[PDB]
RNA sequence: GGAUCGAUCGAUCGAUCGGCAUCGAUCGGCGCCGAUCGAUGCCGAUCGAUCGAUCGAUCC
Ligand SMILES: [Zn+2]
């Protein structure tokens, strides 16, 4: 039922000016959006009809919004549909838009439509609502819609432009340190989303706080381990692994430039990735030993990264969790290859494993962070026996690992399997949520706590300046609400005109396609896969090979999660077909009826025929060559 | 497969402050010392811009 708080938040969009409204709940935002839909469609007289469009970023919020919009719009004679990825092909989108009003499409569909040529203008819609509207920052699908609207408006061909109301729970601060910078960022958001009103609660603050989460920050800066025997053993393992890895390259230190590469840190992982991408462009002209040293090194660097991830886990989660992580990696990599390099590294791991299992089983080497995490979990489960603890870690490799520690520690018995009837849920990004714990990271039942366990004070100072930024954002929101309307309209017109001018400034022209027929090699294996003359791009994004000689150069493996993206259908994952390479290459797909595997340039390297230089690319847009479109008449 | 966002970290550049090292100008005392100003190199603290890596999430 609509209360005075929702009507006070929904007041400035009744007049007909765009808003960036802020409600801290989700159901209140949904009710306000439904109220704006009701008042906006009911204001039209006979002979005209409105086309209020709702945008939802993710699939579950799209399904929730589609269910709510279908449930409420039953007694008003209003039709409701929503389009998504599994709905995109089905029937053509122009017939859905032209024969309905309340489209709840996800924004990437509209971005693809306005890029294609369908939906010739944004003036068909009469109101536009943006769920989670502070995402309109840079190159977002919401921002692509807003760039289209600003090019339609400021170009001089503006017609019946839609109202551009928003929906969020936080305006955001960004890279702002002073109050003028926060005001500049909020004005930049208001100009990019093209609004002159920021609606927030100013009078009915008493009934607002009945659903507000209101966290209680309880930071605990607690020191790390002292007796690092496992770190000593595996650090010696990286030391002699890197020393034996220098028997094939005499300039491994000259490949990278990131110094202070201490083990167990993200800086070491960055050094490992940089030295892997530095070795991956190897051009020794023997072309038979080159595959051998590239395969050997790649095994060395994947072992090094696996060891570094083992100490990152052992720093955060248990010692034994690092041991099972390394044992699982060696068990999965033993079946992939049986050469001298793999056997040598595996027999080195079993020659260290006899002391590794002795060190890991020692109960005097437990992590102190896990000890006081168990202590605080014990005391909050003792205070209340129905606490749902959310646990935020940095990586998914910890997500099961801490869970195994939850399945390993005998002092706790009220913790239950909840890896994401579940007592504790451990995840990485986002319900009751009575307790939140952030383990080295940076709902209902009000009175919640948000513990933060870090071995560094930088995260504590970041959360302190985050609280200062929240207070300063609320102060800048009140300051912008105190301003006059016409000066704010002139300000957002100036800011969005400067934004449109600097957007048209960064319009790079078409790059030229390189005329040579370049050859693609494996990342880890350096085998002849295909030439670029046989590389056809299908829908200006996806690339494939129609070569008959390419068909025997790969092998198949069953896909764990097939899912029909766009008009394609996944069937299997393709891999390199050799003795001990087994490198990922792409994915087996069906377009309409053919089975032509689509590759990714991420797991490939590009070599030219004349110069012979090997180039490393991560996205297909960075690759500039003769992009011949895929013709179905050939194969 | 392709795109998008967020957190941490790295590289480069610029700005503010402090410290070390070096070269010149003025004043005072008995060639030496104290003070300030001007310039260069390095490091530390903070901020901004660009690029990248990892991790996570999202969409098509
Ligand atoms: Zn291969």
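The residue numbers of chain A are those assigned by Swiss-Prot, with the residues present covering 242-661, 690-699, 707-718, 731-923 sequentially.
The way this entry was determined, per its header, is electron microscopy, 3.4 Å.
Backbone N, Cα and C atoms are what each Cβ position is placed from, and that goes for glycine too.
Checking the ranges A:364-367, A:368-371, A:372-375, A:376-379 against Swiss-Prot, the motif 'DECH box' annotation falls on A:372-375. Taking A:271, A:409, A:542, A:770 one by one, Swiss-Prot attaches phosphothreonine to A:770. Checked against Swiss-Prot, the residues A:549, A:692, A:744 yield a single entry marked (Microbial infection) Deamidated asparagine: A:549.
Taking A:399, A:844, A:854 one by one, Swiss-Prot attaches phosphoserine to A:854. Residues A:443, A:491, A:909 are shown; Swiss-Prot lists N6-acetyllysine for one of them, A:909.
According to Swiss-Prot, of the candidate residues A:312, A:759, A:858, A:907, the site noted as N6-acetyllysine is A:858. Cβ packing within 10 Å was compared across the recorded positions A:266, A:770, A:854, A:855, and the lowest neighbour count falls to A:770. Residues of the motif 'DECH box' (A:372-375) grouped by DSSP class, helix first, strand second and coil last, total 2 helix, 0 strand, 2 coil. Tertiary neighbourhood of the motif 'DECH box' (A:372-375): same-chain residues 261, 270, 274, 295-298, 302, 306, 383, 407-409, 411-413, 430, 434, selected by CB-CB distance under 8 Å and a gap of 6+ residues from either end.
Taking the centre of the Cβ atoms of A:810, A:813, A:864, A:869 as the Zn(2+) site, the nearby residues of that chain (Cβ within 8 Å, site residues left out) are A:811, A:812, A:814, A:815, A:866, A:870, A:871, A:873. Unmodelled segment: 28 residues between residue A:661 and residue A:690, spanning 13 Å (Cα to Cα, whole number). Closest to residue A:909 (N6-acetyllysine) in space, going by CA atoms and restricting to the binding-site residues A:264, A:267, A:269, A:271, A:813, is A:813.
Neighbour counts of Cβ atoms within 10 Å were compared for the binding-site residues A:268, A:864, and the top value is held by A:864. If you compare Cα positions, residue A:268 (ATP binding site) sits closest to A:770 out of the recorded positions A:770, A:810, A:813, A:869.
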